[PDB]
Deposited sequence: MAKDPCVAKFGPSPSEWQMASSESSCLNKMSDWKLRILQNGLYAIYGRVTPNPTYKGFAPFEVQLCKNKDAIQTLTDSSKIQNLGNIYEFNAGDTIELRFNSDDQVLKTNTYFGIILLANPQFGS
């Protein structure tokens, strides 16, 4: 049962696994250590009162954005399923940290299977 989750604030990385399918590298960024099928989950809650000159863009990145969010008027789900390979780096990136509400913004991942 290999599962990891970053957020929401004030929480950082939580993790449970055997000995393990991933490695946490830094905030919002992990490293896949086992080829297999994974599920991503989580929530991006945009900041309504963002007062910055940068365009709202949240991306989930595989090394390649595999999920791009450009609508700052909607709370967005990150739930999905992907095949990843050992070595891959998974990262949730924000064009500015102030674009999202970090107290209601998290993402996680779980190994579903390894063919």
*Hey, which stretches of the deposited sequence didn't make it into the model?*
1 to 4, 24, 69, 122 to 125
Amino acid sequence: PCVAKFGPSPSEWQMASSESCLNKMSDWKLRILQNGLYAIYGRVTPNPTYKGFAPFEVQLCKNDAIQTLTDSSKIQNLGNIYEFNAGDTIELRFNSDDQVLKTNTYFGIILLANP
From here on, numbers count along this sequence of modelled residues.
*Averaged over C-alpha atoms, is the B-factor higher for 82 to 90 or for 52 to 60 in this PDB entry?*
52 to 60
*Of 96 to 104 and 5 to 13, which one has the bigger average CA B-factor?*
96 to 104
_Which of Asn47, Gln67, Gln34, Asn77 ranks first by CA B-factor in the deposited coordinates_ = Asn47
